[PDB]
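Here's a solo chain for you in structure tokens, the form deposited in one PDB entry.
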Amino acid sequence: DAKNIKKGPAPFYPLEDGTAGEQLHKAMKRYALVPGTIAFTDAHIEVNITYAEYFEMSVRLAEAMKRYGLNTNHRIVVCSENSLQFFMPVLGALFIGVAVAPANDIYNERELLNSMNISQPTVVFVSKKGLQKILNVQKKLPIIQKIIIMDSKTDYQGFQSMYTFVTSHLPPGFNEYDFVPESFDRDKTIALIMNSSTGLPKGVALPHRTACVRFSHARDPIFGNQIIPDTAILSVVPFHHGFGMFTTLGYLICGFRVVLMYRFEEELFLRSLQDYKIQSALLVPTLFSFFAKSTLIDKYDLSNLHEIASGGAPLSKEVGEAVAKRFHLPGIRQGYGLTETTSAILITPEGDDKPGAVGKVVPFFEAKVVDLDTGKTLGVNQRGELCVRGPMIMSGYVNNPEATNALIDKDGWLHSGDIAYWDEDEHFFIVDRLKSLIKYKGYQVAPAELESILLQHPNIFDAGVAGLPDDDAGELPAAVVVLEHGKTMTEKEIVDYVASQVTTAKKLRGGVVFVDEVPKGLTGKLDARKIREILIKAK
């Protein structure tokens, strides 16, 4: 009974041959030749850019980079916040086979270093506002030869724009419509180097195959959205941290108009939803809970709105139903995905929504639950660790096969670290830190309630509450604590403090264990074991 191992259906679109760059180029060239087809729309400055514009300039950046000298043994960095120019160097680079590491616009200067030491990039594309931060970081990274400014047409601080850079390297008679992109092995050639849990962000290497699969999902009437003319999307989610990246690529495959918003604003948001006739909106999790509090939605004509998507962020069932009610939608489309799996591999399918589920397994994939101790795969309705195997899994963490391994067993399964179960109808469900309850006496306090108290203390930098299992009491509630840098404290001084703000059953009878860091779990969510694990010895 390899039969409690859950399997994604058949694709509507078969996987297509070619690299990620070869199929983007082929799709975009189709839409380039229809004048007026809009690719991106900047909701802030109201400017539109057509596929003809988008195709042509991307191609030129590909042949201008090829000439400069970049082959698949080089990487570039794109450092900018969501913009009309963002996917120009990305598209151009994939056409070449150069690996793209999107960097985080307002990563502070330290996290800009950690990202770029892993990605070791020859050329860096950057927005005017990102420039000095990358200048500073270039004087600490010798590999960064060239800096190109994305949001200019002229040069800017003597530095060169994509536009003058391209005319500085394209050969005399270059022809955007005779360009052909490189063929290369899509399994070994890295398309994207993404970022990320505990410690410092790693570099998740993802080869062209994962985007090629993604391109099969995006069109899927069940797991993506149907190629209808005049489809538009309002995307707020960042063009890096996952979601934003691979929906937009799939959206360019489909010919959709991607309406981007880089700064969030309620009225701007809702009006763009209305005016652009948006079919589906993309949101980050805490923009869902915001929209649960919105009372203006009713004043806008969202007659056209079909879907609101949360991506690979699993949603509180209460927040999801709230958002969907304020917009008069049957449901939210939530899914579960890891950066280490490119896109989501659990997605709620069209129509088949089921209250509280993230969804079912995407085509090309297998997902299963495994018992946390024996490792044996479990059956229907049992909670275990969620494990997934399929083409979109990360190739590895750059410069870190010690982490790549033991995250992926060499039967090709990624072990999520997150806990789940599935239905007799094959829906999956994710279990969160946030409603695992600590039974002392026999009534239970949420660990988030006790964490909120602990984080309130000026000398407690981070906390993590879990239930110390003791034989007499049932569960004594305990915490792992991280002290602020200057400060010093004592276990009892900490529980004295809690036991002054909680009922008396909610008191921190389990004690505190001082840790350098509270264990997170891949999607950043607090890991309920390890914490429980950590306290069990210290007692």
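The numbering used is simple: start at 1 and walk along the sequence shown.
Missing-residue comparison: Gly384 falls in the unmodelled set for none of the other PDB entries checked, so it is not missing from a third of them. In at least one third of the other compared structures of this protein with flanking residues present, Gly199 is left unmodelled. A chain break between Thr122 and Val123 is not present, all residues of the deposited sequence in that interval being modelled. Note on 86-94 vs 140-148: mean CA B-factor is higher in 140-148. As listed in the deposited structure, the average C-alpha B-factor of 259-267 and of 329-337 is greater for 329-337. Of the candidates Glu426, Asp178, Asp301, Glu182, the PDB record gives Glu426 the highest C-alpha temperature factor. Of the residues listed, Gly158, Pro355, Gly250, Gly320, the entry assigns the biggest Cα temperature factor to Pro355. When all modelled residues of the chain are sorted by CA temperature factor, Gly511 is found within the highest third. When all modelled residues of the chain are sorted by CA temperature factor, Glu307 is found within the lowest third. In the PDB entry, a CA B factor belonging to the middle third of its chain's modelled residues is recorded for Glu16. Ranked against the other modelled residues of its chain, the C-alpha B-factor of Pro35 as given in the entry falls in the lowest third. When all modelled residues of the chain are sorted by CA temperature factor, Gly467 is found within the highest third.
The form deposited in another entry is left out here; the points below concern that form.
Two rigid parts rotate against each other between the shown form and the other one, and the hinge linking them lies at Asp432 among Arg509, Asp432, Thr377, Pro519.
Cα-Cα spacing of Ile393 to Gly524 is enlarged in the other form versus the present form (difference of at least 3 Å). Relative to what is shown, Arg433 and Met245 are closer in the other form; their C-alpha atoms differ in spacing by at least 3 Å.
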